[PDB]
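Please read the structure below before turning to the comments.
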2 protein chains.
Amino acid sequence: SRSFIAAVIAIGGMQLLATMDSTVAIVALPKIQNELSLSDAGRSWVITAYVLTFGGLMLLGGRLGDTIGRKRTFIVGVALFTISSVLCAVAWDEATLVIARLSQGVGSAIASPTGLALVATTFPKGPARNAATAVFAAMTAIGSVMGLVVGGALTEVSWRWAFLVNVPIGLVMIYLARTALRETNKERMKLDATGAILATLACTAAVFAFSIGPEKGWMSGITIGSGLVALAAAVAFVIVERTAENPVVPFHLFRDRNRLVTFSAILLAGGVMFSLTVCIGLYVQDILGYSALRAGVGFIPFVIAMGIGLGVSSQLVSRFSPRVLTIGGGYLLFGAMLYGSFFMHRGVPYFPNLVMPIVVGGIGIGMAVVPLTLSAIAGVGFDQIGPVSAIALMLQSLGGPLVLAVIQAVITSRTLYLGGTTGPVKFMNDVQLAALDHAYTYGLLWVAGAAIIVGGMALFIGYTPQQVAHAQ
Amino acid sequence: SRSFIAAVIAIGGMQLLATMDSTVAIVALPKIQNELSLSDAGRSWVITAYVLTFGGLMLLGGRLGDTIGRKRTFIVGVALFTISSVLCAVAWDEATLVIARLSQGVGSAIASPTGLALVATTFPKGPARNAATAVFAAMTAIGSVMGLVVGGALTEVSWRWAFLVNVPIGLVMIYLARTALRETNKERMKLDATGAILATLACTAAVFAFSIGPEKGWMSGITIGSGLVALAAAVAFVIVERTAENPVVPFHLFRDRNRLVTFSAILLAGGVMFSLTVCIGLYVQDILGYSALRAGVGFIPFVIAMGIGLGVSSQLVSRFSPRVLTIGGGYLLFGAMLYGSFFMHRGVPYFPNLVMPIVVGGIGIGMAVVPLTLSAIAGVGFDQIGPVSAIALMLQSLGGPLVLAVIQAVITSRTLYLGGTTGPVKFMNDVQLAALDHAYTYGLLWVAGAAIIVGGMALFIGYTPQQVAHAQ
Ligand SMILES: CC/C=C/C/C=C\C/C=C\CCCCCCCC(=O)OC[C@H](COP(=O)(O)O)OC(=O)CCCCCCCCCCCCCCCCCC
Ligand SMILES: CC/C=C/C/C=C\C/C=C\CCCCCCCC(=O)OC[C@H](COP(=O)(O)O)OC(=O)CCCCCCCCCCCCCCCCCC
Ligand SMILES: CCCCCCCCCCCCC(=O)O[C@@H](COC(=O)CCCCCCCCCCC)COP(=O)(O)O
């Protein structure tokens, strides 16, 4: 019973590490700017450096496990992330911080796609995989709330003390990764060098272009060149991949209708979840006036509700089709979002009108996450599990900003319509703050509509329970 | 004052009597079989005799009130129902019981469609009609539950005493109708004899064919002949109605999108409700093992929740359109149905697992019923309210068995699939009982899908609160 727990914790540790690091880096940005004397461009680049190498090197990270070994790749990625976090905590100027963030991104990109593949390969299909997927999904929310709590608590001493928290935890994971997991010593494949190079070039160019667009204006020299590089690399990669042994991206797997619908649903659902997280955090900290520590403490009921939902769904997936459970979770999520949209404003008490929608939405999200994760890794085999996991994780991470940009644009337009201001929150009055609150409650409706679209899309899955959650 | 209460009670009395008698007759079939020495055909015909003349003479009864008088027709129908209920108890052989059931069905068909017309033509549009509609919808469920209770607690001595409880209630409702309702003094109309005869023949032939089909077969000469006669009579009726002085069925009134969509929604909603009632009852006395009295006592919270929902909706219909209220009530009902499907099996305790879905579904049904039946009698006038009410009642009564057949076929198919058997429940062992449990909780999902379709189609009503629930 201890071996199973050690294995699942070791496999899911990297999700916790990455999410907590991202949340802490978001929280402690102004202190970094003040102490290190960075401009707005440097402040944005502190966050951009991580995502550049995180999104650039994810397909290569997915394919690398078949060449080196999934256990070894996982351990190497975790170790690189820990050492790079130490370098972040020790950094003394802007260049060193940027280099350390790039190294953190490289380590995360190496280690993250291997975790889902390890979930799929270590545990055979059945109850064990259901429990493993439930734990894998719970660790992400645990990391998010832990990051908020730590960032709020350590806002008085220094930002350098917040980067060191990754040093212990990561070490622990390494130990578990060296103890619970076993190596099957399978025959090693041959890496696809040209495909990996083209994929990394295309992904890095796309990420850089998307990040530099709003900052320096679109079609302003750098953006057009980066976009040209991205499209040329993508077209060359697509052409080359048609005749490559051990493809980085196996396209023939995407002919099945179920896989296409499932991956589209994964993309859009990840976008919806990211939009909810960011918008609700901003609303709580800005309008309601809660500090970071107060919000981190108040978000624990979300973790408990999500754990309950995951526990229920991991047992229900053995009898009900994934589409039914997805609709069941979406029902509660939609109800919670509507209640939050229509009964929220400044001065509202915490308990009656805040914790209830959070708990109901957490239960719904927990009930809906497990069937999607089980459908994402169904019927792939041991030769394409790596690329499939990498593609699924990449789609989930990519879907977020695209929806968040639309939601923020809608919120800004509604703020300007009602008579608001585009300045800082703490330079506003009562009427402008009321306009901002109404804009936020208006954008919640667009998030709900996106969730409705997600449910309508997931209504076409067609996977039977015997295919995803039953042992042969 | 007390006049309003007496009037609404007198108008809903016929619905209460019909539903209570139906439930009591269904409960006490085995005792009738044992005492009268009947075969399976006699058992089927005891139920079929009432339905034959109830569905045969609905359309004629909807127009009979114009040429004689609504109060007089109501009183005559209730009196005939009471007399036939008296004669049912004192029956010695099969023939007397069959003719008593036929006469009772004739009285019910005369009196039932006149109640809705009296609701429409007694209280002017506004709050009074909303309250009358709420009482009219509540008395149906009240009668059903009390009939279940009475049949459970009375059929342990004699089945003849079960048919005699109708008499005091019929007498008190006759007294209330005589002393509360008032004459109209409207000019008498002319009865369309040809159309009435053709409609009666068509409906009777259709009901007889649908009843005899499953017992004999789909290739029997009698069934094919009955269906052919029904189709020919329907065609002749449609041809005759083109140039009728006072048509039994006005076909021109249905040239509106609102009315057509409303009537389709009424049909499918009646089907969904009937399927829910029958399936829930069969599950309770079959799987959970409750007696008739226990189920009747346990279904009281449904009546209370439905009353609360009706009271809320009769007040809310003056501000919100019928579409919004229907969608909200259906949302609550769908949530209750999904909760029941997911977490229900033999051995669950009553308190945490039964009352909550029942209460939520009752609130949803009560909130959804009032706008639907308020929209069915909107903008017709005095000279066309009778046939419209008759058509609404007929569509509700017709929608039930259609959906119930599909649900029962699905349940039987999955019972056979999971290793169950077809036979009396008293003989099956644990495996086949679990197969029945899973089959019922699986058919609940099909009921929920039917509700989803009902809501999607009801999204196209288009009525406004001023045309439905606003006076003047
Ligand atoms: C998602 C689809 C992928 C499916 C997976 C598919 C394939 C495999 C691939 C990855 C598998 C591994 C990850 C699987 C879990 C990913 C989701 C996850 O667990 O995510 C957790 C996020 C971090 O992830 P992120 O959201 O950043 O993606 O953290 C939080 O939830 C912090 C706390 C938020 C607190 C507010 C939450 C309110 C919820 C209720 C709404 C209430 C609304 C009204 C309230 C008032 C409003 C006033 C305006
Ligand atoms: C319907 C649309 C027309 C609208 C009106 C249209 C036109 C006008 C014309 C008539 C207007 C006047 C009548 C209007 C109300 C007619 C419906 C009515 O009130 O009906 C009541 C029935 C009697 O009437 P009947 O339905 O027989 O016609 O009585 C019961 O419902 C007893 C209670 C049983 C239980 C059910 C409720 C479960 C709720 C929970 C569900 C989930 C539970 C899961 C548990 C586990 C399950 C495992 C399998
Ligand atoms: C008398 C009887 C009257 C009856 C009247 C009935 C009237 C109609 C009643 C309401 C009908 C039931 C209902 O609300 O169904 C929707 C419920 O799911 C949704 O909202 C979808 C939500 C999807 C969310 C997907 C993502 C979730 C997780 C995201 C993070 C991972 C689904 O609808 P659809 O999308 O069209 O399939």
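All residue names refer to the structure tokens as shown: chains lettered A, B, ... in order, residues numbered from 1 in each chain, ligands numbered from 1 in order.
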
Exercise: residue A:36 partners within 8 Å, only C-alpha atoms, chain neighbours under 5 positions left out, as number ranges by chain: A: 92-94

Give me a file of those residues, with N, CA and C atoms, as an mmCIF file, in the first residue's frame.
```
data_model
loop_
_atom_site.group_PDB
_atom_site.id
_atom_site.type_symbol
_atom_site.label_atom_id
_atom_site.label_comp_id
_atom_site.auth_asym_id
_atom_site.auth_seq_id
_atom_site.Cartn_x
_atom_site.Cartn_y
_atom_site.Cartn_z
ATOM 1 N N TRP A 92 21.771 37.747 -8.918
ATOM 2 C CA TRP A 92 22.098 39.087 -8.456
ATOM 3 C C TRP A 92 21.776 40.197 -9.448
ATOM 4 N N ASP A 93 21.488 39.879 -10.708
ATOM 5 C CA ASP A 93 21.148 40.897 -11.692
ATOM 6 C C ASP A 93 20.132 40.320 -12.671
ATOM 7 N N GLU A 94 19.739 41.142 -13.646
ATOM 8 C CA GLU A 94 18.671 40.753 -14.562
ATOM 9 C C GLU A 94 19.088 39.595 -15.461
#
```

Distance filter 7 Å around ligand 1, atoms: only C-alpha atoms and all ligand atoms, out as a PyMOL selection string: chain A and resi 19+136-138+140-141+144-145+266+269-270+273-274+276-277+279-281+283+299+302+333+336-337+339-341+344+354+357-362+369+372-373+376+392-393+396-397+400+440-441+444

Store the residues picked out above in a file with C-alpha atoms, as a PDB file, in the first residue's frame.
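Result file out.pdb:
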```
ATOM      1  CA  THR A  19       2.331  25.180 -10.758  1.00  0.00           C
ATOM      2  CA  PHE A 136      -2.253  13.469 -10.913  1.00  0.00           C
ATOM      3  CA  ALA A 137      -5.165  15.897 -11.245  1.00  0.00           C
ATOM      4  CA  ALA A 138      -5.313  16.756  -7.526  1.00  0.00           C
ATOM      5  CA  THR A 140      -2.073  20.617  -9.665  1.00  0.00           C
ATOM      6  CA  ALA A 141      -4.685  22.371  -7.513  1.00  0.00           C
ATOM      7  CA  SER A 144      -1.676  26.317  -7.000  1.00  0.00           C
ATOM      8  CA  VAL A 145      -3.097  26.967  -3.536  1.00  0.00           C
ATOM      9  CA  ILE A 266      -9.065  19.195 -23.733  1.00  0.00           C
ATOM     10  CA  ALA A 269     -11.521  23.064 -21.227  1.00  0.00           C
ATOM     11  CA  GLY A 270      -7.964  23.993 -20.278  1.00  0.00           C
ATOM     12  CA  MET A 273     -10.093  26.591 -16.365  1.00  0.00           C
ATOM     13  CA  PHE A 274      -7.190  29.016 -16.826  1.00  0.00           C
ATOM     14  CA  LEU A 276     -11.571  31.017 -14.283  1.00  0.00           C
ATOM     15  CA  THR A 277      -8.437  30.818 -12.139  1.00  0.00           C
ATOM     16  CA  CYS A 279     -10.111  36.132 -13.363  1.00  0.00           C
ATOM     17  CA  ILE A 280     -11.352  34.931  -9.967  1.00  0.00           C
ATOM     18  CA  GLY A 281      -7.969  35.564  -8.358  1.00  0.00           C
ATOM     19  CA  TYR A 283     -11.416  39.807  -8.714  1.00  0.00           C
ATOM     20  CA  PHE A 299      -9.254  28.788  -1.547  1.00  0.00           C
ATOM     21  CA  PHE A 302     -11.859  24.474  -3.493  1.00  0.00           C
ATOM     22  CA  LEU A 333     -19.971  24.024 -12.814  1.00  0.00           C
ATOM     23  CA  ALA A 336     -22.072  27.675  -9.750  1.00  0.00           C
ATOM     24  CA  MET A 337     -20.904  30.137 -12.407  1.00  0.00           C
ATOM     25  CA  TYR A 339     -24.971  31.956  -9.196  1.00  0.00           C
ATOM     26  CA  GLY A 340     -21.619  33.709  -8.865  1.00  0.00           C
ATOM     27  CA  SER A 341     -22.383  35.955 -11.830  1.00  0.00           C
ATOM     28  CA  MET A 344     -21.711  38.955  -6.466  1.00  0.00           C
ATOM     29  CA  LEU A 354     -18.431  32.915  -1.814  1.00  0.00           C
ATOM     30  CA  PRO A 357     -20.099  28.483  -5.507  1.00  0.00           C
ATOM     31  CA  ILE A 358     -16.422  27.632  -5.039  1.00  0.00           C
ATOM     32  CA  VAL A 359     -17.248  24.254  -3.484  1.00  0.00           C
ATOM     33  CA  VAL A 360     -19.911  23.375  -6.068  1.00  0.00           C
ATOM     34  CA  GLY A 361     -17.655  24.338  -8.973  1.00  0.00           C
ATOM     35  CA  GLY A 362     -14.796  22.378  -7.446  1.00  0.00           C
ATOM     36  CA  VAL A 369     -11.471  16.042 -15.113  1.00  0.00           C
ATOM     37  CA  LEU A 372     -11.082  13.450 -19.970  1.00  0.00           C
ATOM     38  CA  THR A 373      -7.659  12.383 -18.680  1.00  0.00           C
ATOM     39  CA  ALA A 376      -6.647  11.262 -23.540  1.00  0.00           C
ATOM     40  CA  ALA A 392      -2.195  16.569 -24.781  1.00  0.00           C
ATOM     41  CA  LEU A 393      -0.190  18.575 -22.244  1.00  0.00           C
ATOM     42  CA  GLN A 396      -3.935  22.002 -22.340  1.00  0.00           C
ATOM     43  CA  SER A 397      -1.232  24.598 -21.659  1.00  0.00           C
ATOM     44  CA  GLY A 400      -5.396  29.013 -21.555  1.00  0.00           C
ATOM     45  CA  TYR A 440     -15.999  41.187 -14.025  1.00  0.00           C
ATOM     46  CA  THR A 441     -19.448  39.771 -13.284  1.00  0.00           C
ATOM     47  CA  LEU A 444     -18.154  35.484 -15.953  1.00  0.00           C
TER      48      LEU A 444
END
```

Given 6 Å and only C-alpha atoms and all ligand atoms, residues near ligand 3 as a VMD selection string: (chain A and resid 269 273 327 329 to 331 334 365 368 to 369 451 to 452 454 to 456) or (chain B and resid 269 326 to 327 330 to 331 334 365 368 to 369 451 to 452 454 to 455)

Let me see the file: selected residues, N, CA, C and O atoms, as a JSON list (two decimals), in the first residue's frame.
```json
[["chain", "number", "residue", "atom", "x", "y", "z"],
["A", 269, "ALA", "N", -11.31, 23.17, -22.67],
["A", 269, "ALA", "CA", -11.52, 23.06, -21.23],
["A", 269, "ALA", "C", -10.34, 23.63, -20.45],
["A", 269, "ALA", "O", -10.53, 24.28, -19.41],
["A", 273, "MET", "N", -10.60, 26.68, -17.73],
["A", 273, "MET", "CA", -10.09, 26.59, -16.36],
["A", 273, "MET", "C", -9.07, 27.68, -16.07],
["A", 273, "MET", "O", -9.09, 28.29, -14.99],
["A", 327, "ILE", "N", -20.79, 15.67, -18.66],
["A", 327, "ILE", "CA", -22.01, 16.46, -18.58],
["A", 327, "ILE", "C", -22.43, 16.65, -17.12],
["A", 327, "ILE", "O", -22.88, 17.73, -16.72],
["A", 329, "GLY", "N", -20.51, 16.76, -14.39],
["A", 329, "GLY", "CA", -19.68, 17.79, -13.78],
["A", 329, "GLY", "C", -19.98, 19.17, -14.32],
["A", 329, "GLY", "O", -20.01, 20.16, -13.56],
["A", 330, "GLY", "N", -20.21, 19.28, -15.63],
["A", 330, "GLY", "CA", -20.51, 20.57, -16.22],
["A", 330, "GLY", "C", -21.81, 21.17, -15.71],
["A", 330, "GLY", "O", -21.94, 22.39, -15.65],
["A", 331, "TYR", "N", -22.78, 20.33, -15.35],
["A", 331, "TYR", "CA", -24.02, 20.83, -14.77],
["A", 331, "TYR", "C", -23.74, 21.66, -13.51],
["A", 331, "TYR", "O", -24.17, 22.81, -13.40],
["A", 334, "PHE", "N", -21.69, 24.91, -14.31],
["A", 334, "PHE", "CA", -22.51, 25.96, -14.91],
["A", 334, "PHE", "C", -23.42, 26.61, -13.88],
["A", 334, "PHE", "O", -23.58, 27.83, -13.86],
["A", 365, "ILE", "N", -15.74, 20.34, -11.37],
["A", 365, "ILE", "CA", -14.48, 20.22, -12.08],
["A", 365, "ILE", "C", -13.81, 18.89, -11.77],
["A", 365, "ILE", "O", -13.27, 18.22, -12.66],
["A", 368, "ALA", "N", -15.49, 16.15, -13.66],
["A", 368, "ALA", "CA", -15.29, 16.18, -15.10],
["A", 368, "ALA", "C", -13.86, 15.91, -15.54],
["A", 368, "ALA", "O", -13.65, 15.51, -16.69],
["A", 369, "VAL", "N", -12.86, 16.13, -14.67],
["A", 369, "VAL", "CA", -11.47, 16.04, -15.11],
["A", 369, "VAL", "C", -11.06, 14.60, -15.39],
["A", 369, "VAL", "O", -10.40, 14.31, -16.39],
["A", 451, "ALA", "N", -17.94, 27.38, -21.43],
["A", 451, "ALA", "CA", -18.15, 26.06, -20.83],
["A", 451, "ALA", "C", -19.29, 25.31, -21.52],
["A", 451, "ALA", "O", -19.23, 24.09, -21.69],
["A", 452, "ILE", "N", -20.36, 26.02, -21.88],
["A", 452, "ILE", "CA", -21.45, 25.39, -22.63],
["A", 452, "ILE", "C", -20.94, 24.84, -23.95],
["A", 452, "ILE", "O", -21.31, 23.74, -24.38],
["A", 454, "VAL", "N", -17.93, 23.86, -24.53],
["A", 454, "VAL", "CA", -17.13, 22.68, -24.19],
["A", 454, "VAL", "C", -18.02, 21.46, -24.01],
["A", 454, "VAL", "O", -17.70, 20.37, -24.49],
["A", 455, "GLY", "N", -19.14, 21.62, -23.31],
["A", 455, "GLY", "CA", -20.04, 20.50, -23.11],
["A", 455, "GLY", "C", -20.66, 20.01, -24.41],
["A", 455, "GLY", "O", -20.75, 18.80, -24.65],
["A", 456, "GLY", "N", -21.09, 20.94, -25.26],
["A", 456, "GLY", "CA", -21.62, 20.54, -26.56],
["A", 456, "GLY", "C", -20.59, 19.80, -27.39],
["A", 456, "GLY", "O", -20.93, 18.87, -28.13],
["B", 269, "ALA", "N", -43.57, 16.65, -22.46],
["B", 269, "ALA", "CA", -43.48, 16.80, -21.01],
["B", 269, "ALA", "C", -44.40, 15.83, -20.29],
["B", 269, "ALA", "O", -44.02, 15.25, -19.27],
["B", 326, "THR", "N", -39.67, 27.75, -17.30],
["B", 326, "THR", "CA", -39.64, 26.36, -17.74],
["B", 326, "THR", "C", -38.21, 25.83, -17.76],
["B", 326, "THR", "O", -37.94, 24.71, -17.30],
["B", 327, "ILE", "N", -37.27, 26.63, -18.27],
["B", 327, "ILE", "CA", -35.88, 26.19, -18.32],
["B", 327, "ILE", "C", -35.31, 26.00, -16.92],
["B", 327, "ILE", "O", -34.58, 25.04, -16.66],
["B", 330, "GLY", "N", -36.81, 22.82, -15.37],
["B", 330, "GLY", "CA", -36.19, 21.67, -16.00],
["B", 330, "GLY", "C", -34.75, 21.47, -15.59],
["B", 330, "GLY", "O", -34.29, 20.33, -15.51],
["B", 331, "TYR", "N", -34.02, 22.56, -15.37],
["B", 331, "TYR", "CA", -32.64, 22.45, -14.88],
["B", 331, "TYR", "C", -32.61, 21.75, -13.53],
["B", 331, "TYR", "O", -31.81, 20.82, -13.31],
["B", 334, "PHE", "N", -33.52, 18.03, -14.05],
["B", 334, "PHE", "CA", -32.42, 17.30, -14.67],
["B", 334, "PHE", "C", -31.32, 17.01, -13.66],
["B", 334, "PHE", "O", -30.74, 15.91, -13.64],
["B", 365, "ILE", "N", -40.46, 20.52, -11.07],
["B", 365, "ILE", "CA", -41.69, 20.22, -11.80],
["B", 365, "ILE", "C", -42.77, 21.24, -11.48],
["B", 365, "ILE", "O", -43.48, 21.72, -12.37],
["B", 368, "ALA", "N", -42.03, 24.43, -13.27],
["B", 368, "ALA", "CA", -42.16, 24.36, -14.72],
["B", 368, "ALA", "C", -43.60, 24.18, -15.19],
["B", 368, "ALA", "O", -43.93, 24.58, -16.31],
["B", 369, "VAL", "N", -44.47, 23.59, -14.37],
["B", 369, "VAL", "CA", -45.81, 23.23, -14.84],
["B", 369, "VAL", "C", -46.67, 24.47, -15.06],
["B", 369, "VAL", "O", -47.38, 24.56, -16.06],
["B", 451, "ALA", "N", -35.86, 14.71, -21.28],
["B", 451, "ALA", "CA", -36.08, 16.03, -20.70],
["B", 451, "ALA", "C", -35.22, 17.09, -21.38],
["B", 451, "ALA", "O", -35.66, 18.23, -21.59],
["B", 452, "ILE", "N", -33.97, 16.74, -21.71],
["B", 452, "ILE", "CA", -33.10, 17.67, -22.43],
["B", 452, "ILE", "C", -33.72, 18.05, -23.77],
["B", 452, "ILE", "O", -33.72, 19.23, -24.16],
["B", 454, "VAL", "N", -36.89, 17.99, -24.52],
["B", 454, "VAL", "CA", -38.07, 18.80, -24.23],
["B", 454, "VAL", "C", -37.66, 20.25, -24.02],
["B", 454, "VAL", "O", -38.31, 21.17, -24.54],
["B", 455, "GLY", "N", -36.60, 20.49, -23.25],
["B", 455, "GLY", "CA", -36.16, 21.86, -23.03],
["B", 455, "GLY", "C", -35.62, 22.53, -24.28],
["B", 455, "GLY", "O", -35.90, 23.71, -24.53]]
```

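For the pair chain A and chain B, the all-Cα root-mean-square deviation following least-squares superposition comes to 0.3 Å.
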
At most 8 Å to chain A: residues in chain B, only C-alpha atoms, as a VMD selection string: chain B and resid 335 338 342

DSSP helix (DSSP H, G or I) selection over stretch 95-331 of chain B, as number ranges by chain: B: 95-122, 127-154, 166-180, 193-216, 221-243, 252-254, 257-288, 292-298, 300-316, 322-331

Distance query stretch 462-465 of chain A at most 8 Å, only C-alpha atoms, self and fewer than 4 positions along chain excluded, as a PyMOL selection string: chain A and resi 258+317-323+375+469-470

Distance query residue A:102 at most 10 Å, only C-alpha atoms, self and fewer than 2 positions along chain excluded, as a list in words: residues 46, 47, 48, 49, 50, 51, 52, 53, 54, 84, 96, 97, 98, 99, 100, 104, 105, 106, 107 and 108 of chain A

Keeping N, CA and C atoms for every residue in the selection just given, could you write it to a file as a short mmCIF file (atom, residue, chain, number, x, y, z; two decimals), in the first residue's frame?
```
data_model
loop_
_atom_site.label_atom_id
_atom_site.label_comp_id
_atom_site.auth_asym_id
_atom_site.auth_seq_id
_atom_site.Cartn_x
_atom_site.Cartn_y
_atom_site.Cartn_z
N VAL A 46 10.85 38.46 -17.19
CA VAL A 46 11.05 37.52 -16.09
C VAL A 46 10.06 36.36 -16.19
N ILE A 47 8.81 36.66 -16.55
CA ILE A 47 7.82 35.60 -16.72
C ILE A 47 7.93 34.96 -18.10
N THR A 48 8.28 35.73 -19.13
CA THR A 48 8.32 35.19 -20.49
C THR A 48 9.45 34.18 -20.67
N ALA A 49 10.55 34.34 -19.94
CA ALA A 49 11.70 33.46 -20.12
C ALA A 49 11.34 32.01 -19.80
N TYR A 50 10.54 31.80 -18.75
CA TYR A 50 10.14 30.44 -18.40
C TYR A 50 9.29 29.81 -19.49
N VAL A 51 8.25 30.51 -19.93
CA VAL A 51 7.32 29.92 -20.89
C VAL A 51 7.99 29.70 -22.24
N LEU A 52 8.98 30.52 -22.59
CA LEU A 52 9.65 30.34 -23.88
C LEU A 52 10.25 28.94 -23.99
N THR A 53 11.07 28.55 -23.02
CA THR A 53 11.68 27.23 -23.04
C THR A 53 10.73 26.14 -22.56
N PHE A 54 9.65 26.49 -21.86
CA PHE A 54 8.68 25.48 -21.47
C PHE A 54 7.86 25.00 -22.66
N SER A 84 18.09 24.95 -10.96
CA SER A 84 17.77 26.23 -11.56
C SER A 84 16.99 27.12 -10.59
N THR A 96 21.31 37.17 -14.98
CA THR A 96 21.37 35.91 -14.26
C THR A 96 19.98 35.37 -13.97
N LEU A 97 19.05 36.26 -13.60
CA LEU A 97 17.68 35.82 -13.36
C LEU A 97 17.04 35.28 -14.63
N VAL A 98 17.28 35.93 -15.77
CA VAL A 98 16.72 35.46 -17.03
C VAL A 98 17.30 34.10 -17.40
N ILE A 99 18.61 33.92 -17.22
CA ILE A 99 19.23 32.63 -17.53
C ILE A 99 18.67 31.54 -16.63
N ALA A 100 18.50 31.83 -15.34
CA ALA A 100 17.97 30.84 -14.42
C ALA A 100 16.53 30.48 -14.75
N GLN A 104 15.08 26.81 -15.69
CA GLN A 104 13.89 26.24 -15.08
C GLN A 104 12.90 25.77 -16.13
N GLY A 105 12.68 26.59 -17.17
CA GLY A 105 11.78 26.19 -18.23
C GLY A 105 12.25 24.95 -18.96
N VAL A 106 13.55 24.85 -19.20
CA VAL A 106 14.09 23.66 -19.87
C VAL A 106 13.85 22.42 -19.03
N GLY A 107 14.13 22.50 -17.73
CA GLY A 107 13.91 21.36 -16.86
C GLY A 107 12.45 20.95 -16.79
N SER A 108 11.56 21.94 -16.67
CA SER A 108 10.13 21.64 -16.63
C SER A 108 9.66 21.01 -17.94
#
```

Nearest candidate to residue A:73 (options A:261, A:189, A:457, A:177; using only C-alpha atoms):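 Among the listed residues, the smallest separation from residue A:73 belongs to A:177.
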
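Picture a line from atom CA of residue B:159 to atom CA of residue B:427; it runs 25.8 Å.
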
Near-residue B:288 list (9 Å; only C-alpha atoms; drop same-chain fewer than 3 positions) as a list in words: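 Listed by chain and then number, they are residues 283, 284, 285, 345, 346, 347 and 348 of chain B.
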
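Ranking A:268, A:239, A:5, A:219 by their shortest atom-to-atom distance to residue A:450, with only C-alpha atoms included, puts A:268 first.
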
Residue A:31: which residues within 10 Å, counting only C-alpha atoms, same-chain residues fewer than 2 positions away excluded, as a compact mmCIF listing (two decimals) with N, CA, C and O atoms, in the first residue's frame?
```txt
# COMPACT_ATOMS: atom_id res chain seq x y z
N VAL A 27 3.19 36.11 -7.84
CA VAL A 27 2.91 36.89 -6.63
C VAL A 27 4.04 37.86 -6.32
O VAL A 27 3.80 39.03 -6.00
N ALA A 28 5.29 37.40 -6.40
CA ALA A 28 6.44 38.16 -5.92
C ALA A 28 7.10 39.01 -7.00
O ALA A 28 8.28 39.36 -6.85
N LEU A 29 6.39 39.34 -8.07
CA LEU A 29 6.99 40.13 -9.14
C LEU A 29 7.33 41.56 -8.72
O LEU A 29 8.45 42.02 -9.02
N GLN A 33 10.97 43.56 -9.02
CA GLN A 33 11.16 44.80 -9.78
C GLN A 33 11.80 45.88 -8.92
O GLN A 33 12.72 46.58 -9.37
N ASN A 34 11.33 46.05 -7.68
CA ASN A 34 11.87 47.10 -6.83
C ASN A 34 13.32 46.83 -6.46
O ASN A 34 14.17 47.72 -6.57
N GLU A 35 13.64 45.61 -6.02
CA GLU A 35 15.00 45.36 -5.55
C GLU A 35 15.99 45.32 -6.71
O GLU A 35 17.05 45.95 -6.64
N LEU A 36 15.66 44.61 -7.78
CA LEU A 36 16.58 44.46 -8.89
C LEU A 36 16.55 45.64 -9.86
O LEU A 36 17.39 45.68 -10.77
N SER A 37 15.63 46.58 -9.69
CA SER A 37 15.52 47.77 -10.52
C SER A 37 15.35 47.41 -12.00
O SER A 37 16.18 47.72 -12.85
N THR A 155 5.59 37.64 1.91
CA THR A 155 5.59 38.96 1.29
C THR A 155 6.27 40.01 2.15
O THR A 155 6.47 41.14 1.69
N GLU A 156 6.64 39.68 3.39
CA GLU A 156 7.22 40.64 4.31
C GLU A 156 8.74 40.55 4.40
O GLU A 156 9.38 41.57 4.67
N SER A 158 11.31 38.74 2.03
CA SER A 158 12.06 38.89 0.78
C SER A 158 11.52 37.95 -0.28
O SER A 158 10.94 36.91 0.04
N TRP A 159 11.71 38.30 -1.56
CA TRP A 159 11.30 37.41 -2.63
C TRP A 159 12.27 36.25 -2.82
O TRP A 159 11.87 35.19 -3.30
N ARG A 160 13.54 36.44 -2.45
CA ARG A 160 14.53 35.38 -2.60
C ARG A 160 14.22 34.18 -1.72
O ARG A 160 14.65 33.07 -2.05
```

Top pick for closest residue to ligand 2, considering B:248, B:385, B:198, B:391 and counting only C-alpha atoms and all ligand atoms: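 The answer is B:391, which sits nearest to ligand 2.
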
Shell around residue B:312 at 10 Å using only C-alpha atoms, local window under 6 positions removed, as a VMD selection string: chain B and resid 134 306 363 366 to 367 370

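The interatomic distance for the pair atom CA of residue A:208 and atom CA of residue A:237 works out to 18.4 Å.
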